[PDB]
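>>> Quick one, fold the following:
(chains A, B and C)
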Amino acid sequence: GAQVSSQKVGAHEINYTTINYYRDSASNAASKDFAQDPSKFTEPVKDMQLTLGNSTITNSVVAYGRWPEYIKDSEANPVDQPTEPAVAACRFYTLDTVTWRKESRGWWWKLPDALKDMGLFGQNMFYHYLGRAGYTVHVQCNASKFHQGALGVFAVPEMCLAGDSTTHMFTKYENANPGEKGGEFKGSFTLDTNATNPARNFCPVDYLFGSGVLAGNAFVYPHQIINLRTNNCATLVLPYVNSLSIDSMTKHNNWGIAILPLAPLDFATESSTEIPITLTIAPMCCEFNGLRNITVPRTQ
Amino acid sequence: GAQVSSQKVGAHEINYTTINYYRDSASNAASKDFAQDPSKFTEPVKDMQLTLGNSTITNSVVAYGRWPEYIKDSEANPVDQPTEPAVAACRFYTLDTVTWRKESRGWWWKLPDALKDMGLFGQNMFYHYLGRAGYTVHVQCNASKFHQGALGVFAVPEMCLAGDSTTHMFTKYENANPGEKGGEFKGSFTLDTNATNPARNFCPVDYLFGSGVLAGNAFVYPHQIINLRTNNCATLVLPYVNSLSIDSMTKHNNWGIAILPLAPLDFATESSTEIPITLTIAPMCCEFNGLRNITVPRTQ
Amino acid sequence: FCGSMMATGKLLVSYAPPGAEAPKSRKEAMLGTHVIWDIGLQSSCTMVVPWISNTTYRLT
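Residues are numbered from 1 along each chain as shown, chains lettered A, B, ... in the order given. Sure, the structure comes next:
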């Protein structure tokens, strides 16, 4: 059972044979213009009015070109019946509005963490052992034609943020899951030296994107730019991304949302100018498994 | 357009004509062995192991011979999408166990009131304006072969209970909706004369079935008897019953459960004997409409 | 159940998937998977704990 493959000859003066000797395939040797070869990695658009449940919204990227979907029967690990709340949980929830000033270094949120106290979605999340959902994130920021500024919105799978102490991986659960308030990036790294009552919080540096990588490369993640001269809003459609078909929503945050001011806010000649940014997130294709008594995580 | 109908002649010495003169049909005149003619009114049985959601139970009546069912599109009043929690809410919840003694006069509960604090069913009930569900009620009471006693379990649609004051219909919402603890029948009617701080509670007299009707006739309602010498439990399958296809679960209780000791409990020669009664209720074919902020009814 | 034939009773056997506080009373255990066992009727009861896990395998 010999495999006769062809070689690619370079310097000329053409087939090579390979035979597998082991039953386990892990023992085998390795076999080896503007158009984007990886069209799915260049933030493909949905190519209006988005209605989910009883919520309606009137610049849309699909992360990795993959729309949210339910678990295939071929890839279902759990065996118990899945709860699908449907319109009850799959609807747009509006988080607390943040304020963009000339001095803002950026904001961040975690999903599903930011929606843990959002109507029936939070109830289903805390009542079940396993949960899964994609998202539609709508960032809203409007300003006059005389305002200038640009925001970069990034959806990062496994958005791990650096700590603030010499102790590695020391950020406690409460500070890593702030909820809908989220957190803010910082312009510099400040080390927490309070060995008695350590803050045990993140210290996400903006130009390091909070994880030791240059912010300029954050555009490799699914992203959208809100340039105030052009558009008001940004829509990101995030499919469920994980190494598992379904996981624990309380333990693990599948996505992170980062908003960084790429161009600082400015207006006329008023040094005092602030415009709100409003996030509206709708979970999509929710499904839960493992119903039992409700989880009540520790707070503060 | 004359209607020629036939008469039924009695005393003989045969058709009569009728014509409708008005456009509105309300103006029309009226046109006119052991086998039970109303088989559905004689508590038909389900003719083991009942599994609903993740709950399993190992003498079953279907009230009015009508199994629980979802709203037909032909009879849907609300137009918004209905939330159907499915296995998340449709599962067996076990209420607080009561104690049957020689002196007990009976117990009562209201549905959906008794399940208002039961997992995700209560959350869905309090998050939605409209709710609908049938039920499977499993009453459990086991005793030795040397115990004697009989319980009558009755499912009453629109089980309205009499008050305790000269003021008509004066029972307040809190006392009319006790939750899973329910209430107890009394052997006599006691008038509440505290005009300063009236109890505003029910006074359900057992032999009056709490509503001014003789208890002996309560068997016209869907019912099942737990006779200790014969059976341990009783299963009642209640369809949704109302003048509307869907209503408010917080305002209105569709069913009432009444357990009356038909034969008093007795055992050997111990005057001190008590056996528990445990109720397990599973809502069925749940559907909710009108999602908004959660309702928080006043308590105590 | 290894009591006398004259003994009767009903028990509840519950499995709760992880993540929440371990059930401390029947009120909590009843919210998870559970079976009701009539010992007077059956001497043996069988409950299947179905495979529900985030990972495809659990460590031993």
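
>>> who's in contact with residue A:127?
Taking C-beta atoms under 8 Å, 6 or more residues apart in numbering or on different chains, we find residue A:127 in contact with A:288, A:291, A:292, A:293, A:294, A:295, B:88, B:119, B:120. Bear in mind the C-beta positions are built from the backbone N, C-alpha and C, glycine included.

>>> likewise residue A:20?
A:1, A:3, A:27, A:28.

>>> Spatially nearest residue to residue A:29 (excluding sequence neighbours)?
The shortest distance from residue A:29 to any non-neighbouring residue, by C-beta to C-beta, 6 or more residues apart in numbering or on different chains, is to residue A:18 (7.1 Å).

>>> Just put the contacts of residue A:20 in CSV and tack on distance to residue A:133.
Below are these laid out as CSV (distance: C-beta to C-beta, whole Å):
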residue, distance to residue A:133
A:1, 47
A:3, 44
A:27, 40
A:28, 38
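
>>> Mind listing the residues bridging to residue 15?
Here I'm looking at chain A. Residue A:15 has the following beta-bridge partners by DSSP bridges: residue A:6.

>>> other chain: chain C
residue C:33.

>>> pretty sure it contacts residue C:49?
Yes. The criterion here is C-beta atoms under 8 Å, and residue C:15 meets it with residue C:49 at 4.8 Å.

>>> which neighbours do those two share?
Joint contacts of residue C:15 and residue C:49 (C-beta under 8 Å, 6+ apart) are residue C:33.

>>> returning to what we had before: among the contacts of residue A:127, which are in strands?
Among the contacts of residue A:127, the members found in strands (DSSP state E) are A:288, A:291.

>>> more crowded one of residue C:15 and residue C:49?
When residue C:15 and residue C:49 are compared for neighbours, residue C:15 comes out ahead with 18 against 9, by other C-beta atoms under 10 Å in any protein chain shown.

>>> From residue C:50, how far out is the more buried one?
From residue C:15 across to residue C:50, the span is 8 Å (C-beta to C-beta, to the nearest Å).

>>> Give me the common contacts of the two.
With C-beta under 8 Å, 6+ apart, residue C:15 and residue C:50 have common neighbours residue C:33.

>>> And the strands in chain C, which stretches?
Counting by DSSP E, the strands of chain C are C:10-15, C:33-38.

>>> Reformat those strands as TSV; add distance to residue A:259.
Output for the strands of chain C, formatted as TSV (distance: least, C-beta to C-beta, whole Å):
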stretch	distance to residue A:259
strand C:10-15	43
strand C:33-38	42
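
>>> out of these, nearest to residue A:237?
Of all the strands of chain C, strand C:33-38 sits nearest to residue A:237, with 34.7 Å by C-beta to C-beta.

>>> Residue numbers of chain C in contact with chain A?
Within chain C, the positions near chain A by C-beta under 8 Å from any C-beta of the partner chain are C:16-21, C:23, C:28, C:31-33, C:50-56.

>>> Where helices are concerned, which of those residues count?
residue C:28 (DSSP state H).

>>> In ChimeraX, how would I select the buried members of the residues of chain C next to chain A?
To isolate in ChimeraX the members of the residues of chain C next to chain A that are buried, counting by 16 or more other C-beta atoms under 10 Å in any protein chain shown, one can use:
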select /C:16,17,19,20,23,28,31,32,33,52,53,54
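
>>> so how many other residues sit close to the residue in the stretch 51-200 of chain A that chain C sits nearest to?
Chain C sits closest to residue A:129 of the stretch 51-200 of chain A, with a gap of 3.7 Å, by C-beta to the nearest C-beta. Number of residues near residue A:129 (other C-beta under 10 Å) recorded here: 27.

>>> The closest residue in space to it that isn't next to it in sequence and residue A:217: what is the separation?
Nearest non-adjacent residue to residue A:129, counting by C-beta to C-beta, 6+ apart: residue A:290, 2.9 Å away. In this view, residue A:290 and residue A:217 are 38 Å apart by C-beta to C-beta.

>>> So which of those two has more stuff around it?
Legend: neighbour count by other C-beta under 10 Å for residue A:290 and residue A:217, higher for residue A:290 (28 against 9).

>>> Thought residue C:17 was touching the more buried one, still the case?
Yes. Using C-beta under 8 Å, residue A:290 is in contact with residue C:17, at 3.4 Å.

>>> list residues touching both of these two?
Going by C-beta under 8 Å, 6+ apart, residues that sit against residue A:290 and also against residue C:17 are A:129, A:130, C:52.

>>> Go through these and name the one nearest chain B.
residue C:52 (9.8 Å).

>>> So the closest one sits against residue A:76, correct?
No. The pair residue C:52 and residue A:76 does not pass the contact test of C-beta under 8 Å, sitting 10.8 Å apart.

>>> before we move on, the earlier item: could the contacts of residue A:127 go into a markdown table alongside neighbour count?
As requested, the contacts of residue A:127 are arranged in a markdown table below (neighbours: other C-beta atoms under 10 Å in any protein chain shown):
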| residue | neighbour count |
| --- | --- |
| A:288 | 25 |
| A:291 | 29 |
| A:292 | 27 |
| A:293 | 22 |
| A:294 | 18 |
| A:295 | 18 |
| B:88 | 28 |
| B:119 | 23 |
| B:120 | 27 |
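
>>> Of the contacts of residue A:127, which are in range of chain C?
Answer for those near chain C (C-beta under 8 Å from any C-beta): A:291, A:292, A:293, A:294, A:295, B:119.

>>> ok, which pair from these is furthest apart?
A:295 and B:119 (12.7 Å).

>>> residues contacting residue 43?
No chain was given, so I picked chain A. Counting by C-beta under 8 Å, 6+ apart, residue A:43 makes contact with A:61, A:63, A:222, A:223, A:224.

>>> I was thinking of chain C, sorry if that wasn't clear
Here residue C:43 is in contact with C:1, C:2 (C-beta under 8 Å, 6+ apart).

>>> ditto for residue A:204
A:108, A:161, A:162, A:183, A:184, A:185, A:186, A:210, A:211.

>>> Please check those and keep the buried ones.
A:108, A:161, A:162, A:183, A:185, A:186, A:210, A:211.

>>> Same list, the residues you listed, but as JSON lines with secondary structure and distance to residue A:255 please.
Shown next, in JSON lines, are the buried ones among the contacts of residue A:204 (DSSP: H, G, I helix; E, B strand; the rest coil; distance: C-beta to C-beta, whole Å):
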{"residue": "A:108", "secondary structure": "strand", "distance to residue A:255": "11"}
{"residue": "A:161", "secondary structure": "coil", "distance to residue A:255": "13"}
{"residue": "A:162", "secondary structure": "coil", "distance to residue A:255": "18"}
{"residue": "A:183", "secondary structure": "strand", "distance to residue A:255": "15"}
{"residue": "A:185", "secondary structure": "coil", "distance to residue A:255": "17"}
{"residue": "A:186", "secondary structure": "strand", "distance to residue A:255": "22"}
{"residue": "A:210", "secondary structure": "coil", "distance to residue A:255": "15"}
{"residue": "A:211", "secondary structure": "coil", "distance to residue A:255": "14"}
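
>>> Provide the contact partners of stretch A:210-224 at residue level.
Contacts of stretch A:210-224 (C-beta under 8 Å, 6+ apart): A:41, A:43, A:59-61, A:63-64, A:108, A:139, A:152-157, A:159-162, A:185, A:202, A:204, A:206-209, A:234-236, A:238, A:258, A:260.

>>> In it, which residues are buried?
A:210, A:211, A:215, A:218, A:221, A:222, A:223, A:224.

>>> Make a markdown table from those residues and add secondary structure to it.
Output for the buried residues of stretch A:210-224, formatted as a markdown table (DSSP: H, G, I helix; E, B strand; the rest coil):
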| residue | secondary structure |
| --- | --- |
| A:210 | coil |
| A:211 | coil |
| A:215 | helix |
| A:218 | helix |
| A:221 | coil |
| A:222 | coil |
| A:223 | strand |
| A:224 | strand |
